[PDB]
Amino acid sequence: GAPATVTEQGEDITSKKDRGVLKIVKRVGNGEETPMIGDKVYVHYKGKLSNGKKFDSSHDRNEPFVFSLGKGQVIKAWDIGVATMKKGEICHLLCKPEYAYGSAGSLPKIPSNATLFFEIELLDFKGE
Ligand SMILES: COc1ccc(OCCOC(=O)[C@@H]2CCCCN2S(=O)(=O)c2ccc3[nH]c(=O)sc3c2)cc1OC
């Protein structure tokens, strides 16, 4: 399935080149511009665990997830991954625990040492 495919065929987007965050672009977005640090970014996403459980989805809430990019408001894999996206892009990200919730997890949904899969759509980004 899609998690296996990004695991086996994704591109390493980390600066360290440690394969901690792997990406596949599913739909090419608009132009060449990616968001800047501090931008308000609007996304839709769905997240799955490695046991196949869908653990969260903004689509199911009928509202986007909004955060300021590059500020540690989200897991490291998202600060890195969303920074690579164009407006309108959809991507798959595979996030090893060192770029996610590590040994602590995030209770109640995310266990220790969890590799996370996301499908992310970048809806918009704006400077404040
Ligand atoms: C009101 O409950 C929340 C509390 C925090 C929150 O974002 C926490 C930061 O989450 C993350 O960094 C990652 C990546 C961006 C999208 C959200 N995630 S997540 O899917 O791994 C995640 C992480 C924690 C979390 N807690 C919930 O009750 S739902 C939820 C979802 C998201 C929340 O629900 C939207």
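In what follows, residues are counted from 1 in the order of the sequence shown. Both ligands and their constituent atoms are indexed starting at 1 by order of listing. The figures here come from the full heavy-atom set of this structure, side chains too, leaving out hydrogens, waters and symmetry mates.
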*Asks:* Would you mind running through ligand 1 and noting each atom that sits below 4.0 Å from a heavy atom of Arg61?
*Replies:*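 Here the atoms of ligand 1 in question are 35 (C).
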*Asks:* Backbone, side chain, both or neither: what part of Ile75 comes under 4.0 angstrom of ligand 1, heavy atoms only?
*Replies:*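 Within the 4.0 Å criterion, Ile75 contacts ligand 1 through backbone and side-chain atoms alike.
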*Asks:* Hey, is the main chain of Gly72 close enough, under 3.5 Å, to the side chain of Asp79 for a donor-acceptor pair?
*Replies:*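 Yes; at least one donor-acceptor contact below 3.5 Å.
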*Asks:* Would the distance check show the side chain of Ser112 and the main-chain N or O of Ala104 forming a donor-acceptor pair, the cut-off being under 3.5 Å?
*Replies:*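 No, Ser112 side chain to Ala104 backbone: no donor-acceptor pair under 3.5 Å.
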*Asks:* Can you tell me which residue and heavy atom of the protein come closest to atom 23 (C) of ligand 1, and the distance to 0.1 Å?
*Replies:*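 Ranked first by proximity to atom 23 (C) of ligand 1 is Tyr101 OH, 3.4 Å.
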*Asks:* Is there a nitrogen or oxygen of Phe118 sitting under 3.5 Å from a nitrogen or oxygen of ligand 1?
*Replies:*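 No, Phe118 has no N/O under 3.5 Å of an N/O on ligand 1.
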*Asks:* Under the 3.5 angstrom rule, does the side chain of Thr14 hit a backbone N or O of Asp18 as a donor-acceptor pair?
*Replies:*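 Present.
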*Asks:* Looking at atom 25 (C) of ligand 1, would you say a protein heavy atom lies below 4.0 Å from it?
*Replies:*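 False for atom 25 (C) of ligand 1.
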*Asks:* Could you tell me whether atom 11 (C) of ligand 1 has a protein heavy atom closer than 4.0 Å?
*Replies:*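 Within 4.0 Å of atom 11 (C) of ligand 1, protein heavy atoms are found.
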*Asks:* Starting from atom 29 (S) of ligand 1, what is the nearest protein heavy atom, named by residue and atom, and what distance separates them?
*Replies:*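 Checking every protein heavy atom, the shortest distance to atom 29 (S) of ligand 1 gives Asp56 OD2, 3.4 Å.
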*Asks:* Are any non-hydrogen protein atoms located under 4.0 Å from atom 17 (C) of ligand 1?
*Replies:*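 Answer yes: something from the protein, a heavy atom, is under 4.0 Å.
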*Asks:* If I apply the N/O under 3.5 Å rule, does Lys109 come out as touching ligand 1?
*Replies:*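 Min N/O separation from ligand 1 is not below 3.5 Å for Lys109.
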*Asks:* With rounding to the nearest 0.5 Å, note down the distance linking OH in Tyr99 to NZ in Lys16.
*Replies:*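 Spacing of OH (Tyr99) from NZ (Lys16) equals 3.5 Å.
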*Asks:* Would a single hydrophobic cluster contain both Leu49 and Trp78, if residues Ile, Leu, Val, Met, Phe, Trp and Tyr are joined by side-chain heavy-atom contacts under 4.5 Å?
*Replies:*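 Same hydrophobic cluster.
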*Asks:* Calculate, to the nearest 0.5 Å, the distance between atoms CD1 and CG belonging to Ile80 and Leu69 respectively.
*Replies:*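 If I round to the nearest 0.5 Å, the distance is 10.5 Å.
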*Asks:* From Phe65 CZ over to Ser57 OG, what is the distance, rounded to the nearest 0.5 angstrom?
*Replies:*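 Between atom CZ of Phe65 and atom OG of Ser57 there are 12.5 Å.
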*Asks:* Any non-hydrogen protein atom below 4.0 Å of atom 31 (C) of ligand 1?
*Replies:*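 Yes, at least one protein heavy atom sits under 4.0 Å from atom 31 (C) of ligand 1.
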*Asks:* Do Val82 and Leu93 come within less than 4.5 Å of each other through their side chains, counting heavy atoms only?
*Replies:*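 Counting from C-beta outward, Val82 and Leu93 never come under 4.5 Å.
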*Asks:* Are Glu121 and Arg27 close enough for a salt bridge, meaning some N to O gap below 4.0 Å?
*Replies:*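 Result for this pair is yes, salt bridge flagged.
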*Asks:* Can you pull out the closest protein heavy atom to atom 6 (C) of ligand 1? Residue, atom name and distance to 0.1 Å, please.
*Replies:*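 Of the protein heavy atoms, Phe65 CE1, 4.4 Å lies nearest.
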*Asks:* Is the distance between the ring centroids of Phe117 and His92 under 6.0 Å?
*Replies:*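 Yes, the ring of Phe117 comes within the 6.0 Å limit of the ring of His92, centre to centre.
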*Asks:* Protein heavy atoms: any of them under 4.0 Å from atom 3 (C) of ligand 1?
*Replies:*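 No; the ligand atom in question lacks any protein heavy-atom contact below 4.0 Å.
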*Asks:* Against heavy atoms of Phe55, which atoms of ligand 1 measure under 4.0 Å?
*Replies:*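 Atoms satisfying the 4.0 Å criterion: 19 (S), 20 (O), 21 (O).
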*Asks:* Have a look at ligand 1 and work out which part of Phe67, if any, has a heavy atom under 4.0 Å from it: side chain, backbone, both or neither.
*Replies:*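 Looking at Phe67 and ligand 1, no heavy atom falls under 4.0 Å.
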*Asks:* Heavy-atom contacts with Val74 under 4.0 Å: which atoms of ligand 1 show up? List them by number with element.
*Replies:*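 Taking each heavy atom of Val74 in turn, ligand 1 has 12 (O), 15 (C) under 4.0 Å.
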